[PDB]
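Peer 1: Can you keep this structure in mind? I'll have questions shortly.
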Amino acid sequence: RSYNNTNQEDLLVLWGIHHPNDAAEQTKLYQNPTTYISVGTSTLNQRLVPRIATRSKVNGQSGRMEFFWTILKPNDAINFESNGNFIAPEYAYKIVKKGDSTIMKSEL
Amino acid sequence: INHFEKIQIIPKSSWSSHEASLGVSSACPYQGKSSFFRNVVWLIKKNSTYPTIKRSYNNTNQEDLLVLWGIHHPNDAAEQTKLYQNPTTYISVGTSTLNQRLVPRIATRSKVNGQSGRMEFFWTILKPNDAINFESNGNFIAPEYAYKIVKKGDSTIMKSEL
Ligand SMILES: *[C@@H]1O[C@H](CO[C@@H]2O[C@@H](C)[C@@H](O)[C@@H](O)[C@@H]2O)[C@@H](O[C@@H]2O[C@H](CO)[C@@H](O[C@@H]3O[C@H](CO)[C@@H](O)[C@H](O)[C@@H]3O)[C@H](O)[C@H]2NC(C)=O)[C@H](O)[C@H]1NC(C)=O
Ligand SMILES: *[C@@H]1O[C@H](CO[C@@H]2O[C@@H](C)[C@@H](O)[C@@H](O)[C@@H]2O)[C@@H](O[C@@H]2O[C@H](CO)[C@@H](O[C@@H]3O[C@H](CO)[C@@H](O)[C@H](O)[C@@H]3O)[C@H](O)[C@H]2NC(C)=O)[C@H](O)[C@H]1NC(C)=O
Ligand SMILES: *[C@@H]1O[C@H](CO)[C@@H](O)[C@H](O)[C@H]1NC(C)=O
C-alpha cells in the first residue's frame with residue numbers, strides 16, 4: 001500500500017506493529033508464523049519485526065503495541081509492505097511548523 | 001542510593017536441565033583456577049542439548065529490583081554448536097514495560113584477555129509486584145543475584161586516586 005502526498009504541506013503519518021504473546025497467538029491473528037512490516041519514504045528505510053517474549057499484563061494484555069511516525073514531505077510517497085502484525089494508518093495529520101515551544105505540565 | 005541489598009533470585013542449583021558449573025574462562029581467573037562473574041551464570045548445554053529455558057521471577061519484595069543478565073556473542077558456528085548445541089538462538093526478556101529479544105552476533109574479533117568472544121550485558125528495574133520472564137534456547141548469561149534499590153536523590157561519579 002503506497003500513499004502519495006498530493007497536499008501542499010508536510011504530513012505526520014503514524015503506524016504500528018503488534019508484538020504478540022506466543023507463536024499460538026501469532027498464528028491465530030495473522031496466520032503467517034514469521035512476519036515483517038517495511039516502510040519506505042525518500043528518507044525512511046525501515047523493516048520492523050514482531051518480537052515474541054512473555055510479559056506482565058497491563059490492562060489485561062500481555063501483548064504490546066509499538067508505534068512509529070514520520071514526516072512525509074509534499075510530493076513524496078510512503079510505501080508499506082506487511083505480511084502480518086501491521087497496525088495501519090487510516091488518518092494522518094497535515095502540519096506546518098513556523099516555530100517551537102515545549103510541553104507544560106499544569107493541572108489548571 | 002538510599003538502600004542497596006544483594007539478594008538471590010535464581011539459585012545456581014535450580015538449573016537441572018543445563019550445566020551451571022562449566023561457565024568459566026581463564027580471562028576471569030580467581031585463585032589460579034579459571035572463574036567468572038559471580039552474580040550471573042554462564043549456562044552451557046547438558047549432554048549435547050540446550051532445552052528451551054523458561055524462567056519467571058516475581059518481585060515479592062517491597063522495593064525496586066536492579067536485575068542484570070547478558071548474552072554470549074561467540075566466534076564461529078563451530079563454537080556456537082560446541083557451547084549451546086542449537087545453531088540459531090535467542091534470549092527474550094519480558095517485564096510490564098520491557099519487550100526484548102536478543103540475538104547472538106557472530107563476527108571474528110581481536111583477542112582481549114585471550115578471548116575473541118564477547119559478553120554483552122543488559123539491565124532493568126523490576127518494580128514491586130512485577131515479574132520478569134526469561135526465555136532462551138542458548139547463549140544466555142542468566143542472573144543468580146539481583147539488587148534491591150530505593151533511590152531518593154542523585155549525584156555523579158567522581159574520578160579520584162585518593
Ligand atoms: C506523487 O504524485 C505527483 C503527482 O502525480 C500526478 O498526479 C496524480 C494525481 C497522478 O495522476 C499521477 O500519476 C501523476 O503523475 C508526482 O509528481 C508528478 O510526476 C510526474 C511524472 O511521474 C510529472 O509528470 C511529468 O511532466 C513533465 C512536464 O511537466 C514531463 O516532462 C514528464 O515526462 C512527466 O510527464 C508531474 O509533473 C509531477 N507533478 C508534480 C505536481 O510534481 C510525484 O512524482 C509522485 N510521487 C513520487 C514518489 O514520485
Ligand atoms: C506477583 O505475585 C503477587 C503475589 O502473589 C501471591 O503470593 C505468591 C507468594 C504466590 O502465592 C502467588 O500465587 C500469589 O498470587 C501477585 O499479586 C497477587 O495477585 C493475586 C491474583 O493473581 C491476588 O489475589 C487476588 O485477591 C483478590 C482479593 O484480595 C481476589 O479478588 C482475586 O480473585 C485474587 O485472588 C493477590 O491479592 C495479589 N497480591 C498482592 C500482594 O498484590 C502479582 O500479580 C504477581 N505478579 C504478576 C505479574 O501478576
Ligand atoms: C545422554 O543422552 C543420550 C541420548 O539421548 C542418552 O542415551 C544418555 O543416557 C544420556 N547421558 C546419560 C549420562 O544418561
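Peer 1: Let me confirm something: among A:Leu44, A:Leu14, which residue is surrounded by 16 or more Cβ atoms within 10 Å (Cβ to Cβ), more than 14 Å from chain B (Cβ to nearest Cβ) and either under 27 Å from B:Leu98 (Cβ atoms) or within 16 Å of ligand 1 (Cβ to nearest atom) (or both)?
Peer 2: Result: A:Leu44 is the single residue among A:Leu44, A:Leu14 that is surrounded by 16 or more Cβ atoms within 10 Å (Cβ to Cβ), more than 14 Å from chain B (Cβ to nearest Cβ) and either under 27 Å from B:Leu98 (Cβ atoms) or within 16 Å of ligand 1 (Cβ to nearest atom) (or both).
Peer 1: What number of residues in segment A:17-41 are within 16 Å of ligand 1 (Cβ to nearest atom) and within 14 Å of another protein chain (Cβ to nearest Cβ)?
Peer 2: 0
Peer 1: If we scan segment A:28-36, do we find a residue that is in contact with an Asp or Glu (Cβ under 9 Å, 6 or more places away or on another chain), assigned to a loop (DSSP other than H, G, I, E, B) and surrounded by 15 or more Cβ atoms within 10 Å (Cβ to Cβ)?
Peer 2: Within segment A:28-36 (the criterion being in contact with an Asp or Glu (Cβ under 9 Å, 6 or more places away or on another chain), assigned to a loop (DSSP other than H, G, I, E, B) and surrounded by 15 or more Cβ atoms within 10 Å (Cβ to Cβ)), the answer is yes, since at least one residue qualifies.
Peer 1: Further question: How many of the residues in segment B:1-26 are more than 14 Å from B:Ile141 (Cβ to Cβ) and either free of Cβ contacts under 8 Å to residues at least 24 places away in the same chain or outside any loop (DSSP other than H, G, I, E, B) (or both)?
Peer 2: Of segment B:1-26, the ones more than 14 Å from B:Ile141 (Cβ to Cβ) are B:1-9, B:11, B:13-14, B:16-17, B:21, B:26.
If we keep only those that are either free of Cβ contacts under 8 Å to residues at least 24 places away in the same chain or outside any loop (DSSP other than H, G, I, E, B) (or both) as well, we get B:3-8, B:13-14, B:16, B:21, B:26.
Looking only at that region, the number is 11.
Peer 1: From the list B:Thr95, B:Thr89, exactly one residue is more than 13 Å from chain A (Cβ to nearest Cβ) and of a type outside the set (D, E, K, R). Which is it? Working first, answer last.
Peer 2: Details: B:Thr95 fails: more than 13 Å from chain A (Cβ to nearest Cβ).
Of B:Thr95, B:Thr89, the one residue that is more than 13 Å from chain A (Cβ to nearest Cβ) and of a type outside the set (D, E, K, R) is B:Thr89.
Peer 1: Name the single residue, out of those in segment B:111-143 being among the polar types (S, T, N, Q) and away from chain A (no Cβ under 14 Å), that is farthest from B:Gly70 (Cα to Cα).
Peer 2: Step by step, filter segment B:111-143, then rank; the result is B:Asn113.
Peer 1: Next question. Listed residues A:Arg55, A:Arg64, A:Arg51; which is under 30 Å from B:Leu126 (Cβ atoms), within 14 Å of chain B (Cβ to nearest Cβ), surrounded by 15 or more Cβ atoms within 10 Å (Cβ to Cβ) and touching a residue at least 40 places away in the same chain (Cβ under 8 Å)?
Peer 2: A:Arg64
Peer 1: Return only the number of the condition from (1) outside any strand (DSSP E or B); (2) at negative phi that A:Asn75 does not satisfy.
Peer 2: A:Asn75 satisfies every listed condition except (2).
Peer 1: Looking for something within 16 Å of ligand 2 (Cβ to nearest atom) and surrounded by 15 or more Cβ atoms within 10 Å (Cβ to Cβ) - is there at least one such residue anywhere in segment B:97-111?
Peer 2: yes
Bear in mind that the values in this text are calculations on the coordinates, not laboratory data. All Cβ positions, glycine included, derive from the backbone under ideal geometry; neighbour counts span all protein chains shown.
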